[PDB]
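Numbering (the entry's author numbering), first residue to last: -7 to 0, 124 to 249.
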Amino acid sequence: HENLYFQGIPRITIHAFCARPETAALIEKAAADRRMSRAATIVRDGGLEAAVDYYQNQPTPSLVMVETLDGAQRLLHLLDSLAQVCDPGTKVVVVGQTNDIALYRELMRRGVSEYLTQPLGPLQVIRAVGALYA
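Set out below in structure tokens:
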């Protein structure tokens, strides 16, 4: 992914449910980039667990970004619960700290759009979002 996205990201709604302060700060930095000004990005706390609870009653936005502190097994179980309340058209991006192919393969098989491994830079987040609509 070399694209600089001069045309910016399209008009979408992004809900990011972070579990780590470094991830929340990174997504807020990416959301403040001029290329992201048509995206309405809301950063929320409580990670993937809060995301599953949030969407029991609210519809999902264009893009849901999630993170968990609890490990691969808990992440996959919670993604099954999230999939039950995901609307058509919603994309899911996972932010994790583990560089593991077995996890990555499983997420891709489940239909997760992208898996981002921290440490990341804001341009990497912009390119990940941009690539989903290219």
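We put the CB at the ideal spot given by N, CA and C, even for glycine.
Counterpart residues of residue i in DSSP-defined beta bridges
| i | result |
| --- | --- |
| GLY211 | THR232 |
| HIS130 | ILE157 and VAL179 |
Residue i in three-state terms, based on DSSP
| i | result |
| --- | --- |
| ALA140 | helix |
Limits of the beta strand (DSSP E) - the one that residue i falls within
| i | result |
| --- | --- |
| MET180 | 178 to 181 |
Limits of the unbroken alpha helix (DSSP H) element including residue i
| i | result |
| --- | --- |
| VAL244 | 237 to 248 |
| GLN188 | 187 to 198 |
| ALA217 | 216 to 224 |
| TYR169 | 162 to 169 |
Close-in-space but distant-in-sequence residues of the same chain around residue i (CB under 8 Å, 5 per side omitted)
| i | result |
| --- | --- |
| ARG149 | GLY0 |
| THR205 | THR175, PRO176, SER177, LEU178 and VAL179 |
Residue-chain proximity (residue i, chain C), Cβ-Cβ < 8 Å
| i | result |
| --- | --- |
| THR128 | As a matter of chain content, chain C is missing from the structure shown, which is built from one protein chain. |
Own chain partners of residue i with C-beta closer than 6 Å, once the 5 adjacent residues on each side are dropped
| i | result |
| --- | --- |
| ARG242 | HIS(-7) |
| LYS144 | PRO237 |
7 Å Cβ shell around residue i - same chain, five flanking residues per side excluded
| i | result |
| --- | --- |
| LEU141 | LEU235, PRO237 and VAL240 |
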